[PDB]
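Notes for the structure review
In case you want the letters, here they are:
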Amino acid sequence: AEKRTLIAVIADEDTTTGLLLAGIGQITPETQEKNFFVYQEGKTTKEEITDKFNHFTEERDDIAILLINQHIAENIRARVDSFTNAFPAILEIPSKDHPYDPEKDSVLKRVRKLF
Amino acid sequence: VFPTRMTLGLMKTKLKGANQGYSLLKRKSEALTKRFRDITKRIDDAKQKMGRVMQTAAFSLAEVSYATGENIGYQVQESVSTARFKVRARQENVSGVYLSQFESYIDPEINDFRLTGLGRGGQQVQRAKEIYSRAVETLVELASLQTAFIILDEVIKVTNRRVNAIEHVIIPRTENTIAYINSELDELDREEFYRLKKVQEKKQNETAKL
Amino acid sequence: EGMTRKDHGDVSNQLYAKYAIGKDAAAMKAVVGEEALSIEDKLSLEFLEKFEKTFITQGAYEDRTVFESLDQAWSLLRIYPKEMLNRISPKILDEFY
Amino acid sequence: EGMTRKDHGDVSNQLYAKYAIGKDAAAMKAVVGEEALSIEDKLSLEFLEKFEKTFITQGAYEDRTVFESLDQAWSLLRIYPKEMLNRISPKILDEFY
Amino acid sequence: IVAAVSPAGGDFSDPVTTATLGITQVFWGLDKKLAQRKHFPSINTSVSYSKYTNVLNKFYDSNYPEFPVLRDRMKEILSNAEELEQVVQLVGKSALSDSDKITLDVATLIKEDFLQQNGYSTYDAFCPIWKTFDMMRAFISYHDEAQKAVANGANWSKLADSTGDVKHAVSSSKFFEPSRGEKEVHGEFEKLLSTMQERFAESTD
Amino acid sequence: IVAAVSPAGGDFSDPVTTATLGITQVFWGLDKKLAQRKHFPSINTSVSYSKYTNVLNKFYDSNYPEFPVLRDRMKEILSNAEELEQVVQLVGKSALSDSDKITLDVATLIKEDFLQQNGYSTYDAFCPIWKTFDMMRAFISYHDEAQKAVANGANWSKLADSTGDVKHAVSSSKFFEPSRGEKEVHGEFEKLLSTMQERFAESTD
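This entry lists cryo-EM as its structure determination method and reports a resolution of 7.9 Å.

This part takes up the overall build of chain E. A count of helices and strands for chain E gives 9 helices and 0 strands. N-terminal to C-terminal, the α/β element order of chain E is α-α-α-α-α-α-α-α-α. The C-alpha extent of chain E, read off along each of the three principal axes, is 60 × 50 × 35 Å. Of all intrachain contacts in chain E linking residues separated by at least 6 positions in sequence, the fraction that spans at least 24 positions is 65%.

Bringing the overall build of chain A into the picture now. A tally of helices and strands in chain A yields 5 helices and 6 strands. Scanning chain A from its N terminus toward the C terminus, one meets helices and strands in the order β-α-β-β-β-α-β-α-α-β-α. Taking 2.2 N^0.38 as the reference for a compact globule, 115 residues should give roughly 13 Å; the C-alpha atoms of chain A span a radius of gyration of 14 Å, in line with that estimate. For chain A, the proportion of contacts with a sequence separation of at least 24, taken over those separated by at least 6, is 81%.

On to the interface of chain B and chain A, then. Between chain B and chain A, the contact holds 13 residues from the first and 10 residues from the second. Listing elements by their share of the side of chain B that touches chain A, those giving two or more residues are β1 (85-93) and α3 (122-143) of chain B. No other element matches the 6 residues that β1 of chain B contributes to the side of chain B that touches chain A. Partitioned by chemical class, the residues of the side of chain B that touches chain A number 6 nonpolar, 4 polar and 3 charged.

Note that strand β1 (residues 6-12) of chain A and strand β5 (residues 63-69) of chain A share 5 bridges and pair parallel. Looking across to β5 of chain A, one finds that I10 of chain A is bridged to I68 of chain A.

Below, the discussion takes up unusual backbone geometry. For the bond from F87 of chain A to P88 of chain A, the omega torsion is 0°, close enough to zero to count as cis. Here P88 of chain A lies in the loop between α4 (77-81) and β6 (89-93). At the junction of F40 of chain F and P41 of chain F, the peptide bond is cis and its omega measures out at 0° in the coordinates. When you line up the elements, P41 of chain F lands in the loop between α2 (32-35) and β2 (49-50). Not every positive phi belongs to a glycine, and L114 of chain A is a case in point at roughly 65°. Inspection of the secondary structure assignment puts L114 of chain A in the segment after α5 (106-112). At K38 of chain E, a position not held by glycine, the phi torsion is positive, near 70°. Within the secondary structure layout, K38 of chain E lies in the loop between α2 (32-35) and α3 (53-63).

This part covers the arrangement of the chains. For this structure, the chain pair with the highest number of contacts among 5 pairs of chains in contact is chains A and B. In this assembly chain C lies apart from chain D, the nearest approach of their C-alpha atoms being 12 Å. The two units chain C and chain E remain apart, with a minimum C-alpha distance of 6 Å.

Residue and element names in this part refer to chain A. The 4 strands lie next to each other as β4-β1-β5-β6, forming an open sheet whose pairing is parallel. For this open sheet the edge positions go to β4 (36-39) and β6, each flanked by a neighbour on one side alone. Across the sheet, the mean angle from the axis of one strand to that of its neighbour is 10°, orientation sign disregarded. Of the pairings in the sheet, the one linking β1 to β4 comprises 4 bridges and is parallel in character. The residue bridging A11 from the neighbouring strand is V38, located in β4. Seen against the sheet, helix α1 (residues 13-22) touches β1 and β4 and runs at an angle of roughly 150° to β1.

So, on to the pairing of strand β2 (residues 98-106) of chain B. Note that β1 of chain B and β2 of chain B share 9 bridges and pair antiparallel. The residue bridging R90 of chain B from the neighbouring strand is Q101 of chain B, located in β2 of chain B.

Criteria and cut-off values
- Residues numbered from 1 in each chain as written, not as in the entry; some residues may be left out.
- Chains lettered and ligands numbered in written order.
- Part of a larger assembly, values for the part shown.
- Heavy atoms only, no water.
- Residues with missing side-chain atoms left out of burial classes, pairs and counts.
- Helix = DSSP H or I, 4+ residues; strand = E, 2+ residues; numbered from the N terminus.
- Contact = heavy atoms within 4.5 Å.
- Rg over C-alpha atoms; globule rule 2.2 N^0.38 Å.
- Nonpolar A, V, L, I, M, F, W, Y, C, P; charged D, E, K, R; others polar.
- Pairing = 2+ DSSP bridges.
- Axes fitted to C-alpha atoms, helices over the stretch in contact; angles between N-to-C directions.

Following this line, the structure appears as structure tokens:
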């Protein structure tokens, strides 16, 4: 059933600038807040990513697919590991300026156990 | 206290139904395990390809933004107030369960915004969004399978638990109750015929004597 | 010998295995669905209905022999490929395919 | 006539079929869980507990007329829609539900 | 000779019911669980049998018989509805095919219009052989039209919504009695085929 | 007259147990699985009943006792403990909530404290209805405080660890002699209401 068409993006200013340039999300006027989180290396707090991820994952039921980087999700892996619901779905991708690793996937760890 | 008569006929249909449901749950658990394995490989392959494809577009957008000479992400983030590429929720029955699917829809409401007006410098900002707009579709279509893979991985534990519990708890109560009910009904049925035959033999032996 | 062929047991073994696989695929097809069934389960499910309505089905005054039942089993087993039958020899399988 | 309505057995047949559907939905939902139960099975399961704890619960010296028992059975029977019941006529069911 | 039987020996498989069922030639099912849902008499298609159907099919088929073709598909639809109902509650439903759902929906309407009866009325307890054969032929033609339309590509809700008033008129045509025309056949059954053909053609596309 | 019955071959369908249980008005239960835990005879509501329990609870509950409310709620929780254990064994503990786990722990604590008659230090002494009324009121207050505390936000391990010495002190209450400060109310059971209120107040915030 169609109950969401919003796409969330959790990445740096370059990936969020390119994804916002091509178009994956926007700012909805019904909530009065943006649908993306701009992250900075050594500039933003670690609690803001967990608050934006918890507010986008638990305080909103209109997001279809929410992307999150493994580097920004590494500091919030405790709060991101507690979420297992597919509404909205969480897809772990490699962050820019870092190497890809399959061990940083939260869905791959629970999906690997009891396959 | 328990019912002795008419219990094996009632327990036989539950034993046959559990015997068919155990094989059906085993086959559905095997197909869900194979689909969970194929989705487990395709999620890693699409995650790696979406990771490299996102890293190439992020490197090209960072090279275009660094080659421009200004913060295009600040005006691009404030100038964005609507999305162009969206998704539609739909239920897809695959392997006997409801999976989450995403269908990409292109609407002509969110076009390129007038935020590049530096003359020749707007061409790299236009080409970067022109490359990222085609680059985002492979990341969305590759990332759409995670909702179905999480649902299959969530259903595989319940199918694996029900396939073991339904096969474990089904047979022994109806088998022991049916065997005890038939074992008591056999001697309980034979005892009246033995007492009637002994009464008829005692009546014939008493009638034969004087 | 002289009234029945030697491939009656080999064709009856593959026909019984295809009938059991069609009987399992018929009940598993409803639980699995039309878009989640196996490739051999569809041909075995069609071979169960075709073999059930072609080999089991017969009139009250319709006489049959071992050659007619062996030709009907080879005609009903002709829908399956050569790589799905291993309970018969290659000469009798390729000769009466 | 004059001491009971004509629609007494019609609500009793739908109440007995709803009680048997609630017992079969509870027995089928007891083994596997909340997967084999339908929308009518949950309404029959809640109607079996509400009817078993509402109509069966009474005093030892209390008395009631047939109109109060038919009104309580008609009020307790309003837990399922009219599109999933077939043990009563539509004329008597449309007038009193 | 119509004689009722009931087991009293302490089991359903006693020698009295086995000898009475073995010596008999006609089978008429009756279940206490199926009778509680307002479907008395609930006959069983697996335990029902008739030996005089071949001899009666010559004279009855000689006059106007179509009972055999809709009767075999009705018994196969009842057995498929019982197998799907037992496999659905046994295994647990998380999805349903349109072919089994159409056979279960046709078996529910055939069990409601055919199994549902009473012994105190004439409107819903009296039906002629030509009207019952036309209703069973209309239900078998609707089941074959739904199965043929489902194979060409269509949904179950689009097939039921494509049928619409045809199943409501065929299901609602069991409460009337013969009071029109100059014979047992009525004009309401012949007009349902033309609307059923257009509803089957519109339900497919 | 209190006479116990036993089977002739291991089954309870004999005429001695059926005639003695049918002719009698009060029944005493017995669990084979509960007897392995040293809780024989253990039965709350599933294998025993009493017709004179209403007049006995009304006559003895007039001045001194309040046994009817805690006996009704304890009989309802003991009746729901079998369905909670069967649903937890069949489906699992993921579908169950914290109220079924708190009622399952209260049924195991009340069944172990009431059904258990063999001690570990000495034989059990006499206990009146006033002594068991404090344990049933402490178990009903602990189950009501545990069930009401989980509604406002509270962990099950924090409340089960917040109980602590109440379960160990409630188990050793039957080994001590009666009349340790009062005949109807005891001083040991009074601290469990204040400790359950302090643990319920600390578990909420």
